[PDB]
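> Model the following, please.
(chains A, B, C, D, E, F, G, H, I, J and K)
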Amino acid sequence: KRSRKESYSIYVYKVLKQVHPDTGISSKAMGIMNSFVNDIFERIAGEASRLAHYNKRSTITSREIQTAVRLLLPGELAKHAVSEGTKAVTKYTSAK
Amino acid sequence: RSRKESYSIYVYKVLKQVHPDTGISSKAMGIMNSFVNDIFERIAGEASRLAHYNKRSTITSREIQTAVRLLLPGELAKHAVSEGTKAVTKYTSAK
Amino acid sequence: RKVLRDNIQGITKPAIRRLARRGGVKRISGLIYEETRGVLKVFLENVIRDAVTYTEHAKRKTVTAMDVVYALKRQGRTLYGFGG
Amino acid sequence: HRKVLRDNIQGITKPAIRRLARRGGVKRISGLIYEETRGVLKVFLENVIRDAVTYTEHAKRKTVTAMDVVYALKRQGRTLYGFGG
Amino acid sequence: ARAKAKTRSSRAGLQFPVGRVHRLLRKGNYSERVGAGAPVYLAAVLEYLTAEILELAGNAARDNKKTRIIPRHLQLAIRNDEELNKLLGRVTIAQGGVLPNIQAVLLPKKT
Amino acid sequence: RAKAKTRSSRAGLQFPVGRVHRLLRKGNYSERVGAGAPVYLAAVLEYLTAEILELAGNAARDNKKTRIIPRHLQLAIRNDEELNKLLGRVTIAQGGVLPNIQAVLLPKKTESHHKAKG
Amino acid sequence: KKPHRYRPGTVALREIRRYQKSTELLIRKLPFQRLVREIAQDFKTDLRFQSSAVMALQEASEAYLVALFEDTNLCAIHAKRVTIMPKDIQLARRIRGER
Amino acid sequence: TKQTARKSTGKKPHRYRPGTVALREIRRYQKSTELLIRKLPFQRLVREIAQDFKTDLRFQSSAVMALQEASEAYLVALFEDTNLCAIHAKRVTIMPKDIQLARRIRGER
Amino acid sequence: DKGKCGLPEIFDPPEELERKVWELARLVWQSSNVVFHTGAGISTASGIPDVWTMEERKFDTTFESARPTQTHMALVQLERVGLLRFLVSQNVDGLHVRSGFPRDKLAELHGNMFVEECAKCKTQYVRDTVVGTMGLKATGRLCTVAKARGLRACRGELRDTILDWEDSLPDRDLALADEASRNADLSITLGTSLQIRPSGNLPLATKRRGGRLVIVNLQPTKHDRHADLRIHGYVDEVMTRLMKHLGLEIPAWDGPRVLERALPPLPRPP
DNA sequence: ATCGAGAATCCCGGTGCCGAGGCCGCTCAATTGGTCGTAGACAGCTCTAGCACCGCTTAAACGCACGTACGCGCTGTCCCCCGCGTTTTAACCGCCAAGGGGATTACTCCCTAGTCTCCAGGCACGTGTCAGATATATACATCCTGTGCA
DNA sequence: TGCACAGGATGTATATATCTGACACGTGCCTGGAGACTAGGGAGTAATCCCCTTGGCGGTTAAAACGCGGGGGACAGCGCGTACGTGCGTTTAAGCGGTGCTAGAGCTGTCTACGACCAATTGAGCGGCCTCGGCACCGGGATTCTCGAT
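Numbers count the residues shown, from 1 in each chain, chains lettered A, B, ... in the order given. There you are, the coordinates:
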């Protein structure tokens, strides 16, 4: 039939059940969350690509993403996101 | 040692084409050089978004035309479209 | 075979007063209805120009909601809840 | 580099603020404006420098260049012709 | 033959798909090469933002005596917090309404 | 081999077409680019440059000057409605502002109304 | 005796409180759709509109007008008044950037 | 007429009435181009603000020049909006509330 | 249109009209560069009402169908036959241009109701309908001068040429009139009080470099002194015996017309 | 400054019901393993600006006196907007066709990416010159004040 | 007390003359764009397929429109006090020119390790399908502001 559609529904649902074990979510709220995730993704990716282009560099590493998230997110959000990202990268490198 | 390209000679050619007896200072030259490659990247980014929006991987003349008609307002957009069409037709006709 | 002329008056005075009440306005002068209609028409035509340009670039004849979403994102007005 | 801090906000004197207002087109200025605009200006500056430094330390540099400032201003939605390009 | 094939998202200990993020990074015309830690970092920060917004929205839903989130709750959560309101500064959420706010001067006097 | 004429000359332009093509292909905009895109973009850039730089030249001649300085560029951009819309929020160094004083700030009333002098 | 009548200003406050806690659209659907079609006829004849397209247009226009009216109310209160007049809308749009 | 042609037919230097030197200065600074703030105090302010993010930095001269130009342009635009707000309230003096309103409408507070 | 009319009139006795019109036709001959000055009184024959006139008290509907006077038809023919170097008019009726008088010989110091000017290129347009705006303000039309290389048009805000008190005066016109008076041999003002300056001082500067001065006005002038001949009769009938002793008669006023430059030398006897 | 009618709002408990949430089959995208060639990490130099300090000149910031213009508070009025009835007006809801057009495959061909050579357009650099700033030197249109007459 | 001039005083305009540092221009390299040539896959037609847009009809009321009486608030005057603009004498530190030192900004080599790419493998995730309860409405009373007496 019709082609497949990519969405962030299952992962947003997993996070919601991680933080609130009992509350649910409607379809329109799920679509709004999907749009929010896509918007933040494209903002961070564009900022990282511009950062890489400014330094005559061909790769987007974790340093570019960290600088992009400290340029975009404000204050406490920036610090907590940086902490979470570094924790995830350390866990990924040590476990593999 | 290293060469740093810029749109200096080209805009000075345009200046002497439109005002054959008026000069331009270095600061105005730099400002015009910044304006040129500001508009360049603005139009190019709009065209790239417009091409990604239609699942295509080629920046043809149509994407540039639509980008310049999306960015430039009114008479500027119409005259720029006319100039670009004239240039493209002449380039294709001359082979 | 169909021409529509006097549709800007479809946004009636009670609708404008309702919108102003949601904004927090307590008492409303009698001349702001025409001003509101004018500014609404300007905003609508500004958005619809880009929307129709986006549709006609794709050689389509139907204005999809995603074209409206892109046209709004262009003017620095992001809209969540309609995909994209 | 040895000296750290003093009250440098006062370097933006009253006559400079009145000159800026005159170029803006202001005829009369109150007495409480001077302590306001200074407080405004700082909030502007630390919103740009904080970005420029963020660029400078990304390239492993220890010198804020003009291009860092231009990029930071462009990121704020406020471009500046005459220094980059 | 081969191993048990854990996913990279499970290896990094996070819920978002790092593989899908890496695919959208490669096939989205951002750079010419993509590192091996950029998708993990970006997935971690995306999950953090999603969790923060969802926690605030759930708190608002409980404050509204409901057990299912609607766009009104998301709007309340993102407008009552000074960080997300500035990250999502000029963004309109459909069917979200506005914060209930009336200026003090408009309130009736003599009381 | 051949005469090797530049693409800008073939298109009857002044801005470089090959440089624009190289910038388009090395700017990470798309996988591939067409053959006519650089010509169209160069023509648009040249037209915009000519518009701005003719208005600046007119403003410079209006002030008994034979050079274009940033002040003239700012004046030309600001006095034109469409160009000011395009450069809506752009700061030009050493540009200044347009001469503009609000009507309320003017003193006025210091003139005879021609009412038979009472 | 006299029939019950509320003093001018309290019904407006009740309207404000009721409309600030509700989320439905405020303008009627068909008039807005006809206005959108009439405006669009001046760019390309014989067009078609999805339902979601006009829904999105209405959703954006309502938020735009609500924000503009909040700015207008601030401008009116700044001038020692409580009524909004066209000059307040004009000042708000001058400052915002539309001019 | 080689002076004030125009249309018509007709104690201590009067001290000038309060508001003629104001318009003279307005015209003088509106037809000029140069910067309006002293340069060393601005550089010291920039260094003070910068050394609260990363210690012991260095600045190019072009960096502080660009910062000064951007700051002056921002302040001039803000003052123009403040003047519009003050005139809207039937005044000619600009109060801090005018600056607050102008910054609130723009979306900066 | 009220109160009273504190105006003394002498009408000067009829026998001395012929005397000093004959004597004026004398000075007309040996003058090689005559610069005329014109005032509101030239149009009183056409019934053109509205400064003294404003103090004593918008006729655009009368302006759109106004008819140039007999003397208006005189001066255009004097231009077309020679012995006329320049003309300076401080009137806003616009009858001189509509009379076929060339615009290059005409200095309209106070402007014209029928002329618009651009605010970005300072070009001038001569319309046929009345421009309904006073005070150097917007008109509603736009400039249409087309630039080359396929660029946009001027598109500047067209404005009127009707001035207001204390406003600046046209440079192109003031300078021209001044050079003209400095290069004047004779000057003959018609129907003005010589009161509003800087225009009023143009006639006197004629004698400054060794010249003469003839004033024609029913009312007294603040420059009656330092003259050469003072005429006090009606300009409508005095010009009749002006032209009767010189020759020719008015060709026609064949409807509103505009003339930019002047015809190659002089038809008819000089 | 206090009571009491009265319209409006908030619990209370039924009740359908349509949408949120769980299950299952299966294409398809993520994963694992190996090869490789280049992007970038790491040293090492060169020298270019960035920083620190000193004298001198003077333009500007500063402190104070003073007067007047402007901001703020009352006061009156009259006019424009709000609240409540009553009547039209048209939006909204179900239901039904009839296509027009957006999606989906198949196929082919022409358009664009690699690569390879080479030579001329464009950049770095040195130079004489000319436009823009300042500084007198005549020329001229007004404007103000002193010395005789009804 | 009001004219009548004459001549000195005031501000503006045009014309030369000198200076100086940025600019227009000529020359020598050099590397990047142009001309040939080939391969492969992106996209332009062509043909179905179904779905979702548009137009129509009809009953029901929700809401808009119109009318009318008050009332309160927007606007125009007055009046007063003070604070802000203006001018002058002090001072003070900015701006310039100069000297000196060195931190690190650019640039060049060398090597290695790390993403791109290509085949097999397989399980997380999507579309389709059921199924039950969170929730939006139904009134009925119970409070709760609100505004007029008193």
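
> Now whatever residue of chain G ends up closest to chain F. Its backbone dihedrals?
Minimum separation of chain G from chain F (Cβ to the nearest Cβ) falls at residue G:97, amounting to 7.1 Å. (Each C-beta comes from the backbone N, C-alpha and C, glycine too.) For residue G:97, the backbone dihedrals (degrees, to the nearest 10) come out as phi 140, psi -20.

> what residues are up against the residue positioned nearest the centre of chain C?
Geometric centre of chain C, nearest residue: residue C:44, 3.5 Å, by Cα atoms, centre = their mean. The contact partners of residue C:44, by Cβ atoms under 8 Å, 6 or more residues apart in numbering or on different chains, come to G:35, G:36, G:39, G:57, G:61.

> who touches the closest residue to residue I:252 other than its chain neighbours in this structure?
Nearest residue to residue I:252, sequence neighbours excluded (Cβ to Cβ, 6 or more residues apart in numbering or on different chains): residue I:73, at 7.7 Å. Taking Cβ under 8 Å, 6+ apart as the contact definition, residue I:73 lies against I:99, I:250, I:251, I:252, I:253.

> Residue I:43 now?
I:66, I:69, I:91, I:93, I:95, I:191.

> Leaving out the residues flanking it, which one is nearest to the last one?
Nearest-residue entry for residue I:191: residue I:41, 2.5 Å, with adjacent residues in sequence omitted and distances by Cβ to Cβ, 6+ apart.

> and whichever helix or strand residue A:51 is part of, does that touch chain B?
Using DSSP states H and E, residue A:51 falls within helix A:27-54. No: using Cβ under 8 Å from any Cβ of the partner chain, helix A:27-54 never reaches chain B; the gap is at least 9.3 Å.

> pretty sure residue E:89 contacts residue H:107?
Yes: assessed by Cβ atoms under 8 Å, residue E:89 is found in contact with residue H:107 at 7.0 Å.

> circling back: helix or strand for the residue nearest to residue I:252, which one?
Per DSSP H and E: residue I:73 is located in helix I:70-81.

> Starting from that helix, tell me the next helix or strand along the chain.
From helix I:70-81, the next helix or strand downstream (DSSP H and E) is strand I:86-89.

> for the nearest residue in space to residue G:30 that is not next to it in sequence, what are its contacts?
Closest residue to residue G:30 in three dimensions, ignoring its sequence neighbours and counting by Cβ to Cβ, 6+ apart: residue C:10, at 7.8 Å. Residues in contact with residue C:10 (Cβ under 8 Å, 6+ apart) are G:28, G:30, G:31, G:32, G:34, G:35.

> Compare the residues you listed and tell me which is most surrounded.
Comparing those on neighbour count, residue G:35 comes out first with 25 neighbours (neighbours: other Cβ atoms under 10 Å in any protein chain shown).

> So that residue, which state does it fall into?
helix (DSSP: H, G, I helix; E, B strand; the rest coil).

> That one reaches residue C:5, doesn't it?
No: the criterion here is Cβ under 8 Å, and residue G:35 misses it with residue C:5 at 11.1 Å.

> picking up where we left off before, quick one: which of the contacts of residue C:44 is most hemmed in?
Counting neighbours by other Cβ under 10 Å, residue G:57 leads the contacts of residue C:44 with 28 neighbours.

> tell me the contacts of that residue?
C:44, C:47, C:48, C:68, G:32, G:36.

> out of those residues, which are inside helices?
Within those, residues falling in helices by DSSP state H are C:44, C:47, C:48, C:68, G:32, G:36.

> With distance to residue E:32 as extra columns, can I get the residues you listed in JSON lines?
As requested, those are exported to JSON lines (distance: Cβ to Cβ, whole Å):
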{"residue": "C:44", "distance to residue E:32": "42"}
{"residue": "C:47", "distance to residue E:32": "36"}
{"residue": "C:48", "distance to residue E:32": "38"}
{"residue": "C:68", "distance to residue E:32": "34"}
{"residue": "G:32", "distance to residue E:32": "47"}
{"residue": "G:36", "distance to residue E:32": "43"}
